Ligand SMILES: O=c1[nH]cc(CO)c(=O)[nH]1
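What follows is a single chain, given as C-alpha cells, in the form deposited without the named molecule.
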C-alpha cells in the first residue's frame, strides 16, 4: 500500500503500526491532519516551518527523517490486525532497519513497542514509559525511542499541544547523539 521513505545514515525513523485508510488513499505518511504528527514536527523545532504529508518525501533529505510501519497492509484500524501479522512485521521491520541502520528507531505509540519488545527481545515491559529504551536494535547501534501515537485517537494525548514535549526531547537526543562523533 504506502511506500517506505528510507535512506542510509538517517537520524530519526518514524514507525507506525500500519497505514491508515486515508494514508493509503492519499499516498503520504500521517495525512489527516487529524493525526498530530506534522504540527508536532513543526512545533518541536524538528522542522523549519509548518509542513504536511505532501512534504513527506523531502523529510530525509532536508531534516534527516525517514518513515515506515510494522505491517504494510492497510486497514482502518489497529483493532483490525491480528497477532501472527505483527510478529511477521517486526521480523520484516528489524531487517529493513538492520539495512539502513538509522540513528534512532522511533515507535509511534506504546502499543507498537509493547509487541515489538515481547517479540524482538522477548521481554514484557512492566509499566512502560515514553522515551529511550534500554535495549538496542539487534546487531545495531540503533536505539529504541518510544513516542506517544500521532494518531488522533489518543486522549492521554488529546492535542498535538499535549504531546510535543517528547519531540523536543527527541530532537535533543539526536543532537546528543551527533556530539558523540567527536
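Residue numbers count along the first chain shown, from 1.
What comes next is about the form solved in complex with the named molecule, which is not displayed.
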property	result
Candidate stretches 45-53, 146-154, 133-141, 120-128 - the one whose heavy atoms come within 4.5 Å of the named molecule in the deposited complex	146-154
Residue 23: touches the named molecule in the deposited complex, heavy atom cutoff 4.5 angstroms	yes
Contact label in the deposited complex: residue 17 to the named molecule, heavy atom within 4.5 Å	yes
Neighbours of the named molecule in the deposited complex among 98-129 [non-hydrogen atom within 4.5 angstroms]	108
